[PDB]
């Protein structure tokens, strides 16, 4: 398994330990490259049969003007540092982030590396399995995966590998603090785009050297 360079997978029941191993080796792929890597992979690959974790996050908080928003982050952030995964406060599984950090990510909102979307828009959307047909119009799909092209790309692969219904999952993380969760992409068992999973526990990263 090489992704142009040598690529090892990094599992642990302690997320911080897994990420730390991954970062000692090389660097962990964020969700866009994680997704692509799967698209490049052929039937039989552990990339297709194991669920996977990315240091990408889904964060919920307030803009300076105090509007609730959800942002999907595919760059280095507070929760892609293992020491923070260990030590930050957790509220229903989500890690607490500094207001400064959440606002720094808000300002990086292009629609390419960081996607900001409206809280009510996600909260009114489904959390669960839906036909691939309806996937792309779901508020999570495109920011989650990182681009409309890439998302339609993966949905293609998805129909071929996992089938005709996809899991798009999320929960309500609007609380008195900014809250982040690392993103998971499922397998045959755990199906789809998983953004309601708690931090600190099971994780499987992909590192490249």
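Residue numbers count along the first chain shown, from 1.
- Stretch comparison (65-73 versus 39-47) by mean CA B-factor in the PDB entry places 39-47 on top.
- Note on 12-20 vs 187-195: mean CA B-factor is higher in 187-195.
- If you compare the C-alpha temperature factors of 92, 103, 124, 84 in the entry, 124 comes out highest.
- Highest C-alpha temperature factor among 152, 60, 56, 140 per the entry: 152.
- In this PDB entry, residue 99 carries a Cα temperature factor that places it within the middle third of its chain's modelled residues.
- In the PDB entry, residue 79 places in the middle third of its chain by CA B-factor.
- When the modelled residues of the chain are ordered by their C-alpha B factor, residue 178 lands in the lowest third.
- Annotation for residue 116: CA B-factor lies in the lowest third of the chain's modelled residues.
- Placement of the Cα temperature factor of residue 88 within the chain: lowest third of the modelled residues, per the deposited record.
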